[PDB]
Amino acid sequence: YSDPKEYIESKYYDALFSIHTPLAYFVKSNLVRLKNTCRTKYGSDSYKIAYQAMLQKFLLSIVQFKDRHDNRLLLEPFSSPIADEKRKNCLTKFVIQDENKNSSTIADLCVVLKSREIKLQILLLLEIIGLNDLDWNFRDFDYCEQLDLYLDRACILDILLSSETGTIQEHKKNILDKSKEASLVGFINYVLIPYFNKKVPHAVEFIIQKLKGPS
């Protein structure tokens, strides 16, 4: 994808719908390449602004997120064919071609995608926070407010699943396995800390407190 807008649309939706793929690749590879391209195209003076605008496109207000997920919008055709292809590939893999497709395939797919997109939104936010030098805010605690709300949704989702009892069923169970990137603990240890702790360390610390205790 030559056009940067198409590149990031492609990578955001590949990251979301392509559920077996680590988010570490979205961060260390996709976001970095996009940022480079903006650096080159817009110049070192002013690229942060354009980079931010490109990311912000995929940022979901808490109201928009609730609609996307309560009404299972992710099952529906996207008018953009780049996003839509990734949706279809996900459905082909987990709802059409899987022999065990059953009565709880859809609900599990929707919760795996919801858990996954919460993480993606936290990532977008952390990236924007770093760009705008907003980390100091997390010393003693609106993008910062938005991060906070998504962290609430992350751990509530986690608790909801934990309070409850096909290959999508394994992905769902991975959300609560600490050894996996799909879990909050894994998302902290394999993504947040390695790729965000050097910039944004106060935000990372805040995330750890919010999601796990003070320890």
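Throughout, we count residues from 1 along the sequence that is shown.
**Q** Unmodelled deposited residues between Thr165 and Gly166: none, 1 to 3, 4 to 9, or 10 or more?
**A** Gap between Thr165 and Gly166: 10 or more unmodelled residues.
**Q** Check the residues of the deposited sequence separating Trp136 from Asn137 and report how many of them have no coordinates, as none, 1 to 3, 4 to 9, or 10 or more.
**A** Count of unmodelled residues in between: none.
**Q** Would you determine, from the values in the PDB entry, which of 150-158 and 35-43 has the greater average C-alpha temperature factor?
**A** Taking the mean C-alpha B-factor of 35-43 and of 150-158, the larger value falls to 35-43.
**Q** Mean Cα B factor from the PDB record: higher for 180-188, or higher for 63-71?
**A** On average, C-alpha B-factors are higher across 180-188.
**Q** Among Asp108, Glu99, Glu76, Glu127, where is the Cα temperature factor highest, going by the PDB entry?
**A** Answer for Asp108, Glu99, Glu76, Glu127: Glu99, with the highest C-alpha B-factor.
**Q** Among the chain's modelled residues, which third holds the C-alpha B-factor of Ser103?
**A** CA B-factor rank for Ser103: middle third.
**Q** Relative to the other modelled residues in the chain, which third contains the C-alpha temperature factor of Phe196: lowest, middle or highest?
**A** Middle third, going by the recorded CA B-factors of the chain.
**Q** For the chain shown, is the CA B-factor of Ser115 in the lowest, middle or highest third of its modelled residues?
**A** According to the entry, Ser115 has a C-alpha B-factor in the chain's lowest third.
**Q** Divide the modelled residues of the chain into thirds by Cα B-factor and specify which third, lowest, middle or highest, holds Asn89.
**A** Bottom third by C-alpha B-factor.
**Q** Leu123: which third of its chain by C-alpha temperature factor?
**A** Lowest third, going by the recorded CA B-factors of the chain.
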